[PDB]
Amino acid sequence: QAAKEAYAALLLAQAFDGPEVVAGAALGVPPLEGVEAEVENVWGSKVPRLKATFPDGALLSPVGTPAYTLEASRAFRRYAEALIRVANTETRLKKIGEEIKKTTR
Amino acid sequence: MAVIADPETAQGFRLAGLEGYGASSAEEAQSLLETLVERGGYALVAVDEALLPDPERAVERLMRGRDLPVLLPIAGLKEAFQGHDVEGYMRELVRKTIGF
Amino acid sequence: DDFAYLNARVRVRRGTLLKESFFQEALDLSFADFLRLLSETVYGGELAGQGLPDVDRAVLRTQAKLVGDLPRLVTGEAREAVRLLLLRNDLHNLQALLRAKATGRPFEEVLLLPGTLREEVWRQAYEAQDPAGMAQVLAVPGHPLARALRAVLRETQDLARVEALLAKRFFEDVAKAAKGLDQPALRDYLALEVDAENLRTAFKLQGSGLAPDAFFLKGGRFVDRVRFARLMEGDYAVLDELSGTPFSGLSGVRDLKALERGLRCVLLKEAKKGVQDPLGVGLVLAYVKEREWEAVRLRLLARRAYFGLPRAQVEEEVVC
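Every chain's residues are listed with numbers counted from 1 in the order the sequence is written; these need not match the entry, and residues without coordinates are not shown. Chain labels run from A onward and ligand labels from 1 onward, assigned in the order the entries are written. A larger assembly contains the chains shown, yet all values here describe just the shown part. Here the side-chain values reflect all heavy atoms present in the structure, with hydrogen atoms and water set aside. Residues with missing side-chain atoms are left out of burial classes, side-chain pairs and their counts.

- Regarding how it was determined, this PDB entry cites cryo-EM in its header, along with a resolution of 6.4 Å.

Right under this line is the structure:
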């Protein structure tokens, strides 16, 4: 909710301050393995995991909208961080799938 | 990356530090979703709960296995939403683990 | 020259400014009822679609014909005085334009409205293929923001740096010209704009380990190098010693959002009591802050209504 807080409040004050916000901030996460993939052998077959941490900056874009710009930049963290939880459980889901099915089998 | 979300909320994930290629183009975002994961030239692909694919089999059969995840739940809008706690808990119990 | 006709043209326009009691009504309305309300106003008069892209566009186009047409309607000594005000809205276009040429991205997704540089100047600049040529095309309307650009472009071709040294050099340019065009009303305001900029430069770059003297430029009222250095360490006890200025209200506040909210409300206030000085640039000064702030609240009230956000999240930011 605190990610979106600023996002949704920077849409009709953005679409011409889109340019500004993306400039001061740390440039895009790599599309080829921007995330940190980890391999791990465990029962319930060899399932790979991963954690979503990458650079994106925070409270450091110069110029632009007084409050919103900086608050939107900071918000990128609340994607990253938050995403790690789902990053481990949805991969854990696929592991515990294997077990459950072989068990009842 | 790409986050696959509503047009207006997709907007805020295209900002630097993050890389999004969202927007709705269907009710489960099939139009986009499929084409995009087919290459798997994005570090992460994520599908929200304001779309979420009712046939997950459709995706798996096309991407043909993936060592990177897909369809991570993000809310997809803000309206004070936090029903994605208990919803995800039951999402789990229905398809796997114990019943009710 | 002269503001005699021009002030008069603006006085009729101050009649169709949006009073406080509109935003009061609008919060109580859903998006459907908001849309019926909006259409009564002059921003409503440029409306072209119920949805969000269309609201952003109706607002912008209203600002393009009623506010961005002011520098053309005067010349000379009048025009330089009005121009400095307009220039901030032109810098926003310039920084985005400079960035579309440099990083190779399309013309689109930028701010365009007329002000001091016309639409055609931005198109001819875009299509220019040497940064030096890009710069002469910009220098055609004449303004201090060229002269500011020109010096920075001689030192560097790095995007982030041009952006910062242009802004710093530009407010410094503005200040000297403005002091030489006189009037007490403009001087008091100018002081506040620089003081607000100083505080704000310090906040945006907070904790980057940098020099605090780089965030202080002349034009001040009570702020200095030491307050900046403490502020940079993360200490907000400096704002709690800041009174005798209308930023007395920043005391005991330590959130970036409340702090920055505070500066925009203070600047609004100075300008709104410049109507006891309507002679010369005073009235226009008050008119531009009010059209800008008004436009901002209709965009926030429209966003708040569409996505069903919490009321208090926006009720506080739509009043000073």
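Next comes the rest of the description.
Description of the overall build of chain A
1) Next: Secondary structure is summarised from DSSP: a helix means a run of H or I of at least four residues, a strand means a run of E of at least two, and numbering begins at the N terminus for each. Scanning chain A for helices and strands turns up four helices and two strands.
2) Next: Listing the helices and strands of chain A from first to last along the sequence gives α-α-β-β-α-α.
3) Next: Our radius of gyration is a C-alpha quantity, and the globule rule it is checked against amounts to 2.2 Å times the number of residues to the power 0.38. Against the 2.2 N^0.38 benchmark of 13 Å for 105 residues, chain A shows a C-alpha radius of gyration of 19 Å, more extended than a compact globule.
4) Next: Along the first, second and third principal axes, the C-alpha atoms of chain A reach 60 × 25 × 20 Å.

With respect to the overall build of chain C
1) Next: Within chain C, the regular secondary structure consists of 14 helices and zero strands.
2) Next: Each helix and strand of chain C, ordered N terminal to C terminal, gives the series α-α-α-α-α-α-α-α-α-α-α-α-α-α.
3) Next: Overall, the C-alpha framework of chain C stretches about 55 × 50 × 45 Å when taken along its three principal axes.

Considerations on unusual backbone geometry
1) Next: Despite not being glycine, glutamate 33 of chain A has its phi angle at roughly 60°, a positive value.
2) Next: Within the secondary structure, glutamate 33 of chain A is located in the loop between α2 (18–24) and β1 (36–38).
3) Next: Phi at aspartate 2 of chain C is positive, roughly 110°, even though this residue is not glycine.
4) Next: With respect to the secondary-structure elements, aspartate 2 of chain C resides in the segment before α1 (4–13).

Topic: the domain arrangement of chain C
1) Next: Residue ranges assigned to each domain were obtained from an automatic or database domain assignment. Per the domain assignment, the segments of chain C are domain 1 (1–75 + 280–320), domain 2 (76–181) and domain 3 (182–279).
2) Next: Its residues assigned to classes, the side of domain 1 of chain C that touches domain 3 of chain C comprises three nonpolar, two polar and no charged. Residue polarity is assigned by list, with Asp, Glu, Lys and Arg as charged and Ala, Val, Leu, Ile, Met, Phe, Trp, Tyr, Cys and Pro as nonpolar; anything else, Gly included, falls into the polar class.

A short note on the interface of chain A and chain B
1) Next: Two residues qualify as a contact provided that any one of their heavy atoms is within 4.5 Å of a heavy atom in the partner residue. Listed per partner, the contact involves 10 residues of chain A and seven residues of chain B.
2) Next: Along the lines of polarity and charge, the residues of the side of chain A that touches chain B split into six nonpolar, two polar and two charged.

As for the interface of chain A and chain C
The parts lose accessible area when they come together, and the size of an interface is often stated as this lost area.
1) Next: Counting residues at the interface gives five residues for chain A, matched by five residues for chain C.
2) Next: Split by residue class, the side of chain A that touches chain C holds four nonpolar, one polar and no charged.

Details of the environment of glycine 282 of chain C
1) Next: Looking at where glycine 282 of chain C falls in the secondary structure, it is placed in helix α13 (residues 282–306).
2) Next: Expressed as a C-alpha distance, the spacing of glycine 282 of chain C and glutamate 46 of chain C, which sit 236 residues apart in the sequence, is 28 Å.

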